[PDB]
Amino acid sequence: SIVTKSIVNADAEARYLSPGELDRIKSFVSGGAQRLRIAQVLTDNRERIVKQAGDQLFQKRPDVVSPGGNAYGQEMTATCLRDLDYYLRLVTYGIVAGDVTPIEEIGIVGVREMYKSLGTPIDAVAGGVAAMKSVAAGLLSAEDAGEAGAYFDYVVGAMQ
């Protein structure tokens, strides 16, 4: 969370938080209700966001659901959408925390090593997450889509 990130940064310099850092935490707490509402839109629409993102991905990358592809067949395709649902869940955690740390610690450290071992094309996983961003944005105000978008972009960039 923004609170832990601020504490870790201050502790690394053996110092108290600055007035500016404390003001950032005040803004975070005052905006908490709005962040919970944004996270709740993604939670409430998770089935449609994941389903439509999967459809967009498989239209761009039909090879991954073709013979020899990592997601070929009903069971592997379902597992692929299960992973997209994991990443959407992590994006909701990042939004409420005001920081990508929960996403990083749960879903990013070691992600290239995991998908390399599985033979999953991680560029296509990133495309699935980018598709979820686009579907989620359709359910949000321009302002709320801007906020949520940063968390999806973090995941996409961390997989590239």
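Residue positions are given as counts along the sequence shown, with the first one as 1.
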| property | result |
| --- | --- |
| Residue range whose averaged C-alpha B-factor is higher in the record, 148-156 or 8-16 | 8-16 |
| Greater mean Cα temperature factor according to the PDB record, 80-88 or 67-75 | 67-75 |
| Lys60, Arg46, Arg112, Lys133, ranked by C-alpha B-factor: the highest one | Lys60 |
| Residue, from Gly31, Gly127, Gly107, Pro121, that the PDB entry assigns the highest Cα B-factor | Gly31 |
